[PDB]
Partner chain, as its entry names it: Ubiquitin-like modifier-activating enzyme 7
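To begin, one chain is listed below as structure tokens, in the form solved without its partner chain.
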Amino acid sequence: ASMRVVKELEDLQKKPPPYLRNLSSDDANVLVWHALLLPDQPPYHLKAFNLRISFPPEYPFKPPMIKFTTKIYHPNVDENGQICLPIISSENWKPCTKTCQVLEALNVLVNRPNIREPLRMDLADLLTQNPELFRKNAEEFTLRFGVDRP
């Protein structure tokens, strides 16, 4: 479990995707990772967003758990950094799924909001109905809470 996680960790730190920075495991726990996500989608591209990836002791039979620690204003994340990400839901989780694929799909989600099945519906509606107003909302919130962009 820690054995699988460490090698996944090493492989990603060595060859990171461009949208993933400061990938490292917690000072103490090897089954918790932290990373900055760098969205490209305005206005989130102004800041970087830190996330906590937790591996359960059962991993890879059980799916890992991702949350944002940095606050983000987004249709698909709640105020506590929670997300619905199919690839790591229990319904869908497959032990042969790697963490890099999890991270890829999260990057996709952040970049391309799912308006059909959102976490924050008002936000989904806003984004469909007044994209420019959404953008102002997300921007102020990004600038206010975002980690500086590398």
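Numbering follows the first chain given and starts at 1.
Beyond the structure shown, there is the form solved in complex with its partner chain, which is absent from this document and is the topic of what follows.
Out of the listed residues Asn29, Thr69, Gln41, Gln101, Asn29 is the one that sits within 4.5 Å of its partner chain in the bound PDB entry by at least one heavy atom. Under a 4.5 angstroms non-hydrogen atom cutoff, its partner chain in the bound PDB entry has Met3 among its neighbouring residues. By the criterion of a heavy atom within 4.5 Å, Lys7 is counted among the residues contacting its partner chain in the bound PDB entry. Remark: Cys84 counts among the residues lining its partner chain in the bound PDB entry, judged by a heavy atom distance of 4.5 Å or less.
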